[PDB]
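The first residue in the sequence is number 1, and the count goes up from there. Atoms considered below: every heavy atom in the structure, side chains included; atoms not considered: hydrogens, waters and symmetry mates.
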Amino acid sequence: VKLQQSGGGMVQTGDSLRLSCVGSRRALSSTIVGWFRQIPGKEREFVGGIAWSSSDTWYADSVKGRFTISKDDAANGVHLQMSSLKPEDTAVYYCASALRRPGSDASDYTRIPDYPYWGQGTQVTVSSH
Ligand SMILES: O=C(Nc1ccc(Cl)cc1)Nc1ccc(Cl)c(Cl)c1
Ligand code: NA
């Protein structure tokens with residue numbers, strides 16, 4: 001599977017952005033789609049994930065309630081809705097995907113090496129007015 005992400009750019013504090021990530025091959029029942037973000041100077045840090053079969057989601061504390069991942073109703077992809085953005089959210093946002101190992105909870109998929117497949121990144125800079 002290849003992952004394709006939408007554009008980013010500059011946004012202002014308090015604004016929302018809805019990113020898209022689309023897979024080249026149809027989701028499997030075991031597909032997990034994750035979002036990470038590379039804060040400048042830092043590793044790719046986990047944002048949230050979705051389990052395709054159940055639509056179950058899990059998130060990092062730093063984005064809980066503000067960022068929502070959902071499965072597309074009419075495409076083979078997900079959205080990341082990013083609300084109430086602040087300058088500290090400036091990063092490259094990455095879509096990633098995995099196939100869940102039997103016996104491993106989907107919500108355990110929170111680390112970079114848990115995901116073999118990566119999108120190309122969407123750079124977002126949030127600035128004050
Ligand atoms: O992973 C997927 N689909 C998928 C769909 C949408 C998103 Cl956002 C992310 C992933 N299917 C798949 C199908 C076949 C193979 Cl070999 C593999 Cl390795 C993966
Ligand atoms: Na950090």
Less than 4.5 Å apart, any side-chain heavy atom of [X] and any of [Y]?
| X | Y | result |
| --- | --- | --- |
| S128 | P87 | yes |
| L80 | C21 | no |
| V92 | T122 | no |
| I50 | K71 | yes |
| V126 | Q12 | no |
| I39 | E45 | yes |
| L17 | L85 | yes |
| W35 | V78 | yes |

Starting at [atom1] of [X], measure out to [atom2] of [Y] and round the result to the nearest 0.5 Å.
| X | Y | atom1 | atom2 | answer |
| --- | --- | --- | --- | --- |
| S83 | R18 | OG | CZ | 10.0 Å |
| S97 | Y115 | OG | OH | 8.0 Å |
| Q38 | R44 | CD | CZ | 6.5 Å |
| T57 | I32 | OG1 | CD1 | 12.5 Å |

Check side chain to side chain donor-acceptor pair (under 3.5 Å) between [X] and all other residues, then give those that pass, not counting sequence neighbours.
| X | value |
| --- | --- |
| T125 | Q123 |
| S20 | none |
| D73 | none |
| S55 | none |

Practice prompt. For this output row, return yes or no: ring centroids of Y94 and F36 closer than 6.0 angstrom.
Written response: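 No, the ring of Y94 stays outside the 6.0 Å limit from the ring of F36, centre to centre.
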Please answer: with hydrophobic residues joined when any side-chain heavy atoms are less than 4.5 Å apart, are [X] and [Y] in the same cluster?
| X | Y | answer |
| --- | --- | --- |
| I69 | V124 | yes |
| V47 | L19 | yes |
| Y117 | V33 | no |

Worksheet item: Of the non-hydrogen atoms in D114 and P116, which two are nearest, and what is the gap between them?
Response: O-CD, 3.6 Å
Practice prompt. List the atom of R37, the atom of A91, and the distance in Å for their closest heavy-atom pair.
Written response: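 It is CB-CB, 3.8 Å.
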For residues 98-112, run the donor-acceptor check on the side chains, cut-off 3.5 Å, and write out each pair with its distance to 0.1 Å, sequence neighbours left out.
| unit_1 | atom_1 | unit_2 | atom_2 | d |
| --- | --- | --- | --- | --- |
| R100 | NH1 | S104 | O | 2.8 |
| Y109 | OH | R101 | N | 2.9 |

Worksheet item: Parallel, tilted or perpendicular for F67 and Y93, by the 30°/60° rule?
Response: tilted
Fill in: Qualifying side chain to side chain donor-acceptor pair (under 3.5 Å) pairs with a residue from residues 59-68, counting only residues at least two apart or across chains
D61-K64, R66-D89
Worksheet item: Can you check side chain to side chain contact (heavy atoms under 4.5 Å, CB included) on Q81 and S70, steps first, answer last?
Response: CA-CA 8 Å; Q81 182 71 68; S70 60; over 6 Å; no
Worksheet item: Would you say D56's side chain and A51's backbone share a donor-acceptor pair under 3.5 angstrom?
Response: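 Absent.
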